[PDB]
Ligand SMILES: CC(=O)N[C@@H](CC(C)C)C(=O)N[C@@H](C)P(=O)(O)C[C@@H](CCc1ccccc1)C(=O)O
Ligand SMILES: CC(=O)N[C@@H](CC(C)C)C(=O)N[C@@H](C)P(=O)(O)C[C@@H](CCc1ccccc1)C(=O)O
Ligand SMILES: [Zn+2]
Ligand SMILES: [Zn+2]
């Protein structure tokens, strides 16, 4: 296989996505690199792709998919995104402008133990796979484990719950690896965490109703990103703060990244709105990724022009 | 034919409905089929009446499959029904139950959703009703009841999994049961079966205030989970809904208990999340058998406390 002969309209295994990363690197040795940022609870490597046309820790966009493993359209879109970047660079003028200044980091399998578990045992696995003493239940909600209103209303203390927060913030190696990488990088200007489903583009906060100081700008960017998105197939996304647009969620990702000074902190909930939910047909992979790419571009151009 | 029916696999809606008919034809002096309504999508809603005679005798209500993706429940409901016909007149304790109490078993309590889980989305939870002014479809039938309806523990968001609907009993699937219970007026036990989590719970889900019958219901719970655990060692916890899982408003047994049905319980069957809703078919029969034993405890106790 090469990245040109790879099937992007199909859901893949952990081993397949991991081999895809290696093909991407070998085919673009002056564009793409693969960074290991940790290992999972179970010992699997956690890998981030860096797309860079030079410099030393340029201002950057971070994008992660697959934090909740069952959300398959997200890792699939993540693969598509990688190949879109390499095809489009040096070819598309607008996108070439983005990558002549910014680096892009892309974490395709952000919850690898879960992902592997969605394949071997339970298609609907959400959480990490860390053990919990005195419980018949396994794993922690990676989207409740960040140090931002951690433990507060909007997560569960019950190990059996889908939204169990863990013993303390960053207890999950899968979250702390991202935290460590982000803090050490120091130059991340936008952070985008990709989930499915509901067709939402959101900004902070999810833990409290109080609006973020950059609300007008973030909301205005949100409206243009979903307008761009809708232009392709008419797909309707709603937007707003996590708490107003879906529900309260504590110790969630963009609440943390935003309080770290990363202004352009966003989360997408992709297709659909419930018909298939997480079980989205493979035939909707590429449409999903393509329309979401239009939204990502909107946000990345904004980031480019607003230091 | 109900002897040759495969209890160790998951069936479509048509297969369950055909099973209802075969069991009635094999046992017409014991089992009758009652239509209590039609779903939002116009499909008949059926309840099995198991009875040895009389008129509106004291009764046990059992439903499965109100959350349609909870496949082990419908599949155990099918087994329960065969089980009743197998033991009536051969097992001395169950004979005594049915000699005094009627039993109603609603196996597919959410037929639209169940059909959807087979045709389109294995993880469909809600009804299939359309929502005025929304793209999203369906109401959580376990939030649509007239007990603390619309209060903390349900969502006003149509796209939510726990969307409560416009008003209490807006879902025909819930109103059919309401109408049935009120009309009957002599249901002494009501047991709603769900999965998963391995829990046995009693009211309330809508508030922390304990029910005046908590002491008795907790002891019965203790007994039922021990009976359950006796076969395979499967560990159930128990308590009020709000303490054993989380707050949930307009939920089923809250309303039943408010109508004066003292023995209102809910089960969450196997497992604890390894497979969740996607429990292997090989576990259907062991789930049904263990669960029957706890059902038996609740049923005997109901019989002995007229
Ligand atoms: C639909 C379902 O069965 N469960 C829900 C969770 C349940 C508590 C209602 C789910 O998986 N929902 C997914 C659509 P989700 O992706 O997991 C939604 C996010 C909340 C929004 C968010 C996203 C990203 C960053 C911060 C906040 C969540 O509950 O974590
Ligand atoms: C755990 C999960 O993946 N999803 C939850 C939804 C929740 C996180 C919003 C679920 O489907 N849970 C099922 C086990 P459930 O079966 O639907 C749990 C009941 C609990 C309360 C209850 C049960 C039965 C009778 C009365 C009250 C519920 O939320 O309705
Ligand atoms: Zn998610
Ligand atoms: Zn349920």
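Derivation of every value follows stated rules applied to the coordinates shown; laboratory data play no part. Using ideal geometry, Cβ is built from the backbone for each residue, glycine included, and neighbour counts are taken over all protein chains shown.
If you take the residues in the range A:1-24 that are buried (at least 16 other Cβ atoms within 10 Å of the Cβ) and in a helix (DSSP H, G or I), which one is farthest from the chain's Cα centre (by Cα)?
Restricting to residues being buried (at least 16 other Cβ atoms within 10 Å of the Cβ) and in a helix (DSSP H, G or I), the top hit is A:23.
For the range A:156-165, name all the residues that are more than 9 Å from ligand 1 (Cβ to nearest atom) and not in a strand (DSSP E or B).
A:157, A:158, A:159, A:160, A:165
Hey, can you tell me all the residues within the range B:131-183 that are touching a residue at least 40 places away in the same chain (Cβ under 8 Å) and in contact with a strand residue (DSSP E or B) (Cβ under 6 Å, 6 or more places away or on another chain)?
B:162, B:172, B:176, B:180, B:181
Just to be sure before I move on: is residue A:189 within 13 Å of ligand 1 (Cβ to nearest atom) and either in a helix (DSSP H, G or I) or touching a residue at least 12 places away in the same chain (Cβ under 8 Å) (or both) in the structure I sent?
no
Among the candidates B:76, B:68, B:119, which residue alone is within 14 Å of another protein chain (Cβ to nearest Cβ) and within 16 Å of ligand 4 (Cβ to nearest atom)?
Every option except B:68 fails the conditions.
Quick check on the range A:222-240. Is at least one of its residues closer than 27 Å to residue A:162 by Cα and in a helix (DSSP H, G or I)?
Looking through the range A:222-240, none of the residues is closer than 27 Å to residue A:162 by Cα and in a helix (DSSP H, G or I).
Inside the range A:134-149, can you point out the residues that are away from chain B (no Cβ under 13 Å) and either at negative phi or within 14 Å of ligand 2 (Cβ to nearest atom) (or both)?
Within the range A:134-149, A:142, A:143, A:144, A:145, A:146, A:147, A:148 qualify.
Based on this model, can you work out whether residue B:233 counts as over 18 Å from the mean Cα position of the chain (by Cα) and at positive phi?
On the way: over 18 Å from the mean Cα position of the chain (by Cα): yes; at positive phi: yes.
So residue B:233 fits the description; yes.
Across the range A:36-94, what is the number of residues that are within 16 Å of ligand 1 (Cβ to nearest atom) and either more than 20 Å from the chain's Cα centre (by Cα) or assigned to a strand (DSSP E or B) (or both)?
Filtering the range A:36-94 for residues within 16 Å of ligand 1 (Cβ to nearest atom) gives A:62-78.
Filter once more, keeping what is either more than 20 Å from the chain's Cα centre (by Cα) or assigned to a strand (DSSP E or B) (or both): A:62-65.
Residues flagged as within 16 Å of ligand 1 (Cβ to nearest atom) and either more than 20 Å from the chain's Cα centre (by Cα) or assigned to a strand (DSSP E or B) (or both) within the range A:36-94 amount to 4.
Could you go through the range B:98-111 and let me know if any residue there is within 14 Å of chain A (Cβ to nearest Cβ) and within 17 Å of residue A:274 (Cβ to Cβ).
no
Name the residues in the range B:122-133 that are more than 10 Å from chain A (Cβ to nearest Cβ) and part of a loop (DSSP other than H, G, I, E, B), would you?
The initial filter retains those residues of the range B:122-133 that are more than 10 Å from chain A (Cβ to nearest Cβ), namely B:127-133.
Within the range B:122-133, B:127, B:128, B:129, B:131, B:132, B:133 meet the criteria.
Take the range A:265-307 and flag every residue that is away from chain B (no Cβ under 14 Å) and without any contact (Cβ under 8 Å) to a residue 60 or more places away in the chain.
A:287, A:305, A:306
Residue by residue, here is whether (1) within 14 Å of chain A (Cβ to nearest Cβ); (2) near ligand 2 (Cβ under 10 Å from one of its atoms) holds:
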| residue | (1), (2) |
| --- | --- |
| B:194 | no, yes |
| B:199 | yes, yes |
| B:203 | no, yes |
| B:236 | yes, no |
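What number of residues within the range A:246-261 satisfy the criterion of being in contact (Cβ under 8 Å) with a residue 12 or more places away in the chain, away from ligand 3 (no atom under 14 Å from the Cβ) and surrounded by fewer than 21 Cβ atoms within 10 Å (Cβ to Cβ)?
3
Considering only the range B:254-274, how many residues are in a strand (DSSP E or B) and within 16 Å of ligand 4 (Cβ to nearest atom)?
Total meeting the criteria: 6.
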